[PDB]
Amino acid sequence: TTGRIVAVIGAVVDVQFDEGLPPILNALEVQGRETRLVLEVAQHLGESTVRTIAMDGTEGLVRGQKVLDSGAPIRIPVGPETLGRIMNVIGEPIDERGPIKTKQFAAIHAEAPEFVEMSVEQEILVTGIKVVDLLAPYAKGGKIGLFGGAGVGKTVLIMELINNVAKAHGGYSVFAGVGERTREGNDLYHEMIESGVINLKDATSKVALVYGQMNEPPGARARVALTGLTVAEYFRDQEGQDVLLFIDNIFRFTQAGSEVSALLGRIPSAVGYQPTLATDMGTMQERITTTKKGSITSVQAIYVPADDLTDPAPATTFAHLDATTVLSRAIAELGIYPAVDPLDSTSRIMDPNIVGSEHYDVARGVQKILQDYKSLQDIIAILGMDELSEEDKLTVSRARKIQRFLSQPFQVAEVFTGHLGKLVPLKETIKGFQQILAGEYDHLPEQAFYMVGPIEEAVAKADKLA
Amino acid sequence: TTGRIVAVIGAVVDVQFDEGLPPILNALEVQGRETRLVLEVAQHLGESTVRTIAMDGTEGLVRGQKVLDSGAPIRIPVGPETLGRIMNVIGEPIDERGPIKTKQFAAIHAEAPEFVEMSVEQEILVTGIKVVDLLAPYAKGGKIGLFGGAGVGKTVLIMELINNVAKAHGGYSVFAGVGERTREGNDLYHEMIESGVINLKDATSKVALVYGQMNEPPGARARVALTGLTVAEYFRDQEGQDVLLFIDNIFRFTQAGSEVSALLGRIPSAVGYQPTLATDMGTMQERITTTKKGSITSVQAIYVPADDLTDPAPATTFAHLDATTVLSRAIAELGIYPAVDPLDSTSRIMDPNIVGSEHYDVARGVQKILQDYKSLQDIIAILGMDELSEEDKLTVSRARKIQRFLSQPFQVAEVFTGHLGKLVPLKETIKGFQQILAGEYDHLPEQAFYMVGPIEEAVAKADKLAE
Amino acid sequence: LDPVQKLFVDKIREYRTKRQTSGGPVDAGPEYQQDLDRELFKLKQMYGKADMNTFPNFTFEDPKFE
Amino acid sequence: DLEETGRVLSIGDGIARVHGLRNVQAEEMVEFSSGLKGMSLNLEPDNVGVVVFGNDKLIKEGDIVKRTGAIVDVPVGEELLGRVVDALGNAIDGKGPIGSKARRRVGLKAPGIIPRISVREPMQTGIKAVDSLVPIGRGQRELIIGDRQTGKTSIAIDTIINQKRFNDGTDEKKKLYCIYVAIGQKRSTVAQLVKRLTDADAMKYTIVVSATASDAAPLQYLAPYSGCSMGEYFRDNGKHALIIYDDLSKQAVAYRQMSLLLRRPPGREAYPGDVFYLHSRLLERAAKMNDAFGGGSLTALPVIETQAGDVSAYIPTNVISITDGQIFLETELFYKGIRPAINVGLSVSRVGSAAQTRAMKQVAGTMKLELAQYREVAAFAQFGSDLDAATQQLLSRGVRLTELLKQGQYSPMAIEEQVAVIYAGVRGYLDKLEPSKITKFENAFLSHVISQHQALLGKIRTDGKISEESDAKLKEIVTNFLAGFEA
Amino acid sequence: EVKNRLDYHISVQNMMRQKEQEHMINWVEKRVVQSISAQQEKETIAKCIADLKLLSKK
């Protein structure tokens, strides 16, 4: 079927398909649009005319310019060969090594897993990173939201995570560059290239990069969310995967939703927000989960919008957040890479009755200790150490050991660290803390807890010294 | 005439009567409607169509359905037999004692009494509640507004007035539970039976109950007010009567209005509030009066959503008011029941004459000190306290005593209080403050004044506490 | 209907032919079998780790002579 | 057989202007082609504004919308006590199909005063704090207001669990059919929850109506009314229904959005206000009925999830003004590890008493009060203040009492235990003990008395009212137990 | 431990039978859905019963 430009007002193209009534979300390809000018059917206005949203820019728009309905949503390559390919949203490379070369294609909406599909009570994904595991132990399938230090090697940390896990457990990754600067995607690009977690000669390119950047029309960016999902579902179900799904920064996606909302003639809402904000999300989130198919585990860069949250979206997001990451400058400032703050590396599912107090209390003891120590840190800040009880002194040192024990070298940043990285097996980590907690090593170099992997290696590191 | 449902877009039932278009305020009876479905004509929309309001549900309607215009508003029995009867908006029982049989019938609108028809000057009524009288020295037959948030003891409070006072005034009353939270209306009801304030033995059951609940369409909720008014007007004019008119809550009327405005194809103006907020209300409030034939003393619950008063609605409200009972969430939260914002809770009839100067001055002194204190709150809030004039320190405490003294336990809500609440004959009150002012108590702990009745007793209460 | 019971017959016939035979699944090829194996592994973890077709043995306990 | 159909006049936005079928009933639930339902809300002449339950990516223009010719009903029946359904009343449990082949109008009015009756019923939650301090009967609208798995959700769960004993009991007259209308809680969330319920198999006496996070908004919207209808049935089959409306806040969004999509504007807080009507009407159906309704009750525990505690928000204000009290829960306490995280200064049951036993009164009167004061001296006194012995005591004790109402998540209880342990504390049996060990004490104590003094407990349950002898027996039991607790 | 062995086999046969049932069904129906013009009279019986609607509705 063909459609006609009946109206173009910016990237809202109302196309009268002059003979078609393809449902909404049916992807249209505009004919005479060399560059894949996808219009997504948006409303059936009547009159065989649909409001479509151009998802590619508008130009040269002949009145009645011809459009051929692609009749279903965008079908996109889905297949492992994407790992090592940067596509735009449309699933066209932007890695430009000709096309990406799956055969298994998918229309870019996927649907929620349902009750019957569930795997009813979730599971921690473990990274082997002390901070992660301890403080916000991840859930496989879980959507974790990254508030976090900019350019601190946030991404790097993420690479490291990918490294630790997606390698470890055979998870793969999808990166949805939402609202990314070309620059930032670049940054990543080389970071991955460099890291060799994208390998343009190896399938150790473990990440398909899908980009839905600012510079696109809204629709694309908006939809990049569905798209990214669609890939991971491919990996999930098909490749059985526990996927790590980076959608970064989903916020801008959201923005895009709202942007269009207006321009979908719709009322968005107060604070600009599309009133459907939640459903959009809900529906999106509900695709993302854990099932009898694996998990799509979501590592989501999440901007603190307007550094406020009052603004409904994050507020909603909180539901959609389940384990929470604020990556923290303080920690960073302490030179500690890991730079995470524990009191933020939390999980709404991190609750003792709801996960466990082994984390929660060993942590509470720890978090206590550090904070308590923080309470002392102000005291000490005035007084020095002297005055305290020795137990406090001990605890300070311990807190500090523990702290130091969180400093963990990077494999993916020998360039920064001058070290290999490390990983820490959770039991051993914890055990570690039991030791320090037990005070066991508090007669040892505290700074031997600095930058190590196993707590044993902190211990080891102490020894060579004394 | 017959009209056809041409559009029912919600309970705005757009009717086209082809069989003329007789005036607005025509009540239409929808034919084929299980519920006798009153529509009030609102607009002759033009071309044989009227916009009407369903006040009832909109069920089963087939667009076309015949409505036979009843051609005039809802006519309802009015007069004394309604007393002790629980009526619905459509002036029909829910007493569940069947029809009411007081054969003056009425359109629920009535229009404001002429200038001459007003009782020109009203004179203080009283209640005996210190706080109340003090700040709002009651006016005979006034419209008293309860600004107030979410029935927190608000509702209890209104009741409390009813209990002490509505009892105290012997003559008939009208209670309009508008939007009323039926459960409490049950309770109240049952209580009236219980108390024998309603008796199914007499209409000397001093209260006729009208309820126009919140499971109802707006159309009902908007209009029940008019209804209640019409009735009380019966008692006022016809029966003399200081009808005590309980409206809980006018807000829901209003609310009902605002909500429809949109649907009325109108603009639901600022805050969503209808353009006509004033006129509907105003005209309505103006229907309420103490005419030269009596009083409708109206204690009108005013929900103030999120208690904003700046909020146009209350802003308007003030215009009609006579005594404002402003409930203060700020106060309330301190556990205080009474909840009032005192220096907002007022009665215009503050007078060295009317309230006599004794009250007046005492009050003015009080008002002042509290106001002053008020100044201090801000100060201490930010400046801690402690270096102030010690007179202030004293007052601060005193104010709290005064406050506390203004606090009264609940006399009905021992269930809430675990106390009985009291009443303070006005002079003991004036005196009361004079006494505290006199510092007579003020070399004491502050504690005792809380939840008290008469000031002497607060002293008594002091003693027990002075231990 | 009864011209629609003419289709219903058709299906009933194929069900028996398969059941008293198999070709893979008659109409399914390896593809069925392969899918199963992907589900079958994960279920072992949900259901235990062994003994699925063979009765569990048990062992018994000890003490300290004091 | 265009003689039961119409063509979608326009569709966009899941907003179906529907052509034809002017035969339409007001409030007719219609069915669109796709198995998707809609409701013909708005009878415009030339279209029917039909709310789409579901989505229109699943539709195209001109689509036939066929009458269902039915005003909204929900399937109703008791086998749903033992089912999780979607709003349409279809097994999203997927167990089998609904046993419910009764249907019931969802839009049934909240009955009158006379068609109702007040409460005298009590209802229990096993949550000490609750049953005591906001002691709740049945009919009652009580707002649960609270935040991100503060057990916010948990709270309902333990309560339900608690009813298990009752559903294992004979308190049929109190048999509480629980309806947890789950609004906005994702499939996963639900999955956990449901699962927990399964495990508790409270589900046998339970509907879980689930409109997850994903949902088409009208579904979400509808779902409570649905739940409501189903519960009204029970109520009306004499029973005592407990509906947990979870949460209308989200519903409100959904609706609002719906309104806005209906182009219908809103008011205050951008919110169109007849969500109040909505809910009010919904919640008005929460009531305690007279005898005609078999004395029924539908106790409503609506949930609104606070965010920001801006009760100031219209919607909370609304709800408060509707409810018969609220349980405000305080998160801070939660971080402190405190579940129940309540601020019962901010929780009230203005009712309270219809639900109470002298047993409870006998300890609670004092306690509630003690806590009030305690709280007061928590609030003014010592924290870096004074050291008057009285108040210091109140604090010690108080502090004790605090723990004592502090209840683990997944910990509903029998009332008698509760009165018992509470009694213990009330009567100051633990000032002489440091707070943590109370907890230990209690468990131990509890199991002890369960074991031996099940007699006594039994009795205490039986009379519903502690008795002086018992007091002594108890006292002894405790004192000694306590004595054991130490030595 | 005894149950764990058994219910796996049941569950596999159940899911396996549904994944036969669906797969045969779509394949049979997707093969044989052709003879409607060969036997028109499924619409003649539509018009037969449809005449016993067009008469016998009212």
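Each answer follows from the model by the rule given with it, or from the source it names; nothing here is a laboratory result. Cβ placement follows ideal geometry from the backbone for every residue including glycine, while neighbour counts extend to all protein chains displayed.
Here's the yes/no breakdown for (1) under 30 Å from D:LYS239 (Cβ atoms); (2) aliphatic (A, V, I, L, M); (3) more than 12 Å from chain A (Cβ to nearest Cβ):
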site	(1), (2), (3)
D:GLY14	no, no, no
D:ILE64	no, yes, yes
D:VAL74	yes, yes, yes
D:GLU79	yes, no, yes
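Considering segment A:114-126, and only residues there that are within 12 Å of chain D (Cβ to nearest Cβ) and assigned to a strand (DSSP E or B), the residue that is surrounded by the fewest Cβ atoms within 10 Å (Cβ to Cβ) turns out to be A:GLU123. Within segment A:394-403, is there a residue that is free of Cβ contacts under 8 Å to residues at least 40 places away in the same chain, polar (S, T, N, Q) and more than 30 Å from D:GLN192 (Cβ to Cβ)? Yes, segment A:394-403 has at least one match. Does segment D:288-311 include one or more residues that are more than 15 Å from D:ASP147 (Cα to Cα) and without any contact (Cβ under 8 Å) to a residue 12 or more places away in the chain? Checked segment D:288-311: no residue is more than 15 Å from D:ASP147 (Cα to Cα) and without any contact (Cβ under 8 Å) to a residue 12 or more places away in the chain. Among the residues that make up segment D:274-283, is at least one of them outside any strand (DSSP E or B), at the interface with another protein chain (Cβ under 10 Å from one of its Cβ atoms), of a type outside the set (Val, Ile, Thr) and more than 15 Å from D:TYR221 (Cβ to Cβ)? Taking every residue of segment D:274-283 in turn, none turns out to be outside any strand (DSSP E or B), at the interface with another protein chain (Cβ under 10 Å from one of its Cβ atoms), of a type outside the set (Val, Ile, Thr) and more than 15 Å from D:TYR221 (Cβ to Cβ). None of D:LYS101, D:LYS60, D:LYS95, D:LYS109 is surrounded by fewer than 21 Cβ atoms within 10 Å (Cβ to Cβ) and touching a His at 6+ places or on another chain (Cβ under 9 Å) except D:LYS60. For the structure I just gave you, tell me whether D:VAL311 is buried (at least 24 other Cβ atoms within 10 Å of the Cβ) and assigned by CATH to the domain that holds D:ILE155. Taking the combined requirement at face value, the residue does not satisfy it.
Residues in segment D:438-463 that are within 32 Å of the chain's Cα centre (by Cα) and surrounded by fewer than 16 Cβ atoms within 10 Å (Cβ to Cβ): D:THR439, D:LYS440, D:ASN443, D:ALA444, D:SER447, D:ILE450, D:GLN454, D:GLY458, D:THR462, D:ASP463. Give all pairs with beta carbons closer than 7 Å in which a residue from segment B:421-446 that is closer than 27 Å to B:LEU161 by Cα and not assigned by CATH to the domain that holds B:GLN408 meets a residue that is of a type in the set (S, T, N, Q) and not in a loop (DSSP other than H, G, I, E, B); count only pairs at least 6 apart in sequence or on separate chains. From residues that are closer than 27 Å to B:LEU161 by Cα and not assigned by CATH to the domain that holds B:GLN408, there are no pairs. In summary, E:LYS3 fulfils each of the numbered conditions (1) within 10 Å of chain C (Cβ to nearest Cβ); (2) more than 19 Å from the chain's Cα centre (by Cα); (3) surrounded by 10 or more Cβ atoms within 10 Å (Cβ to Cβ) with the single exception of condition (3). Just give me the residues in segment E:30-41 being assigned to a loop (DSSP other than H, G, I, E, B) and of a type outside the set (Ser, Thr, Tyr), in sequence order. Those that are assigned to a loop (DSSP other than H, G, I, E, B) and of a type outside the set (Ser, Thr, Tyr): E:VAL32, E:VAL33, E:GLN34, E:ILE36, E:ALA38, E:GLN39, E:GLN40. Within segment A:102-113, identify whether any single residue is part of a helix (DSSP H, G or I) and surrounded by fewer than 20 Cβ atoms within 10 Å (Cβ to Cβ), and answer yes or no. Checking segment A:102-113: not a single residue is part of a helix (DSSP H, G or I) and surrounded by fewer than 20 Cβ atoms within 10 Å (Cβ to Cβ). Just one of the listed residues (A:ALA381, A:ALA460) is under 19 Å from A:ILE331 (Cβ atoms), surrounded by fewer than 15 Cβ atoms within 10 Å (Cβ to Cβ), among the hydrophobic types (A, V, I, L, M, F, W, C) and more than 32 Å from the chain's Cα centre (by Cα), namely A:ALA381.
Considering segment E:15-38, the residues that are more than 22 Å from C:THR17 (Cβ to Cβ) and surrounded by 11 or more Cβ atoms within 10 Å (Cβ to Cβ) include one that is nearest to the other protein chains (Cβ to nearest Cβ), namely E:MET15. Restricted to segment B:284-308, and to residues that are among the β-branched types (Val, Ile, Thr) and in a strand (DSSP E or B), which residue is farthest from B:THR324 (Cα to Cα)? Filtering first and then ranking leaves B:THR291.
Between D:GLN362, D:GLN373, D:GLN382, the distinction of being part of a loop (DSSP other than H, G, I, E, B) and in contact (Cβ under 8 Å) with a residue 12 or more places away in the chain belongs to D:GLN382 only.
Only one of the listed residues (B:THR58, B:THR35) is surrounded by fewer than 19 Cβ atoms within 10 Å (Cβ to Cβ), within 30 Å of D:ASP73 (Cβ to Cβ), among the hydroxyl-bearing types (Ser, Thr, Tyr) and not assigned by CATH to the domain that holds B:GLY228. That residue is B:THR35. Once segment D:255-281 is narrowed to residues that are over 18 Å from the mean Cα position of the chain (by Cα) and touching a residue at least 60 places away in the same chain (Cβ under 8 Å), the residue that is farthest from A:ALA319 (Cα to Cα) is D:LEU262.
Looking across segment B:22-52, the residues that are within 14 Å of chain D (Cβ to nearest Cβ) and under 30 Å from the mean Cα position of the chain (by Cα) come down to B:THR35, B:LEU37, B:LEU39, B:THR52.
Here the condition is being within 14 Å of another protein chain (Cβ to nearest Cβ) and free of Cβ contacts under 8 Å to residues at least 24 places away in the same chain; of D:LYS195, D:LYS186, it holds for D:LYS195 alone. Here is a list of conditions, (1) surrounded by fewer than 11 Cβ atoms within 10 Å (Cβ to Cβ); (2) part of a helix (DSSP H, G or I), and E:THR44 meets all of them except one; can you say which number that is? Among (1) surrounded by fewer than 11 Cβ atoms within 10 Å (Cβ to Cβ); (2) part of a helix (DSSP H, G or I), E:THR44 violates only (1).
The numbered conditions (1) outside the structural domain of D:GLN140 (by CATH); (2) surrounded by fewer than 19 Cβ atoms within 10 Å (Cβ to Cβ) are all true for D:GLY398 except (2). Report, by residue number, each residue of segment A:387-425 that is in contact with a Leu (Cβ under 8 Å, 6 or more places away or on another chain), surrounded by fewer than 21 Cβ atoms within 10 Å (Cβ to Cβ) and part of a helix (DSSP H, G or I). Across segment A:387-425, the qualifying residues are A:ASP392, A:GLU414. Candidates are the residues of segment D:284-308 that are facing another protein chain (nearest Cβ under 8 Å) and not in a helix (DSSP H, G or I); the one that is nearest to A:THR276 (Cα to Cα) is D:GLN307. If the condition is being in a loop (DSSP other than H, G, I, E, B) and within 14 Å of chain B (Cβ to nearest Cβ), then segment D:318-344 contributes D:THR323, D:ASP324, D:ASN343, D:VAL344.
Every condition in (1) within 28 Å of B:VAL243 (Cα to Cα); (2) within 11 Å of chain D (Cβ to nearest Cβ); (3) among the acidic types (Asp, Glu) is met by B:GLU81 except one, and the failing one is (2).
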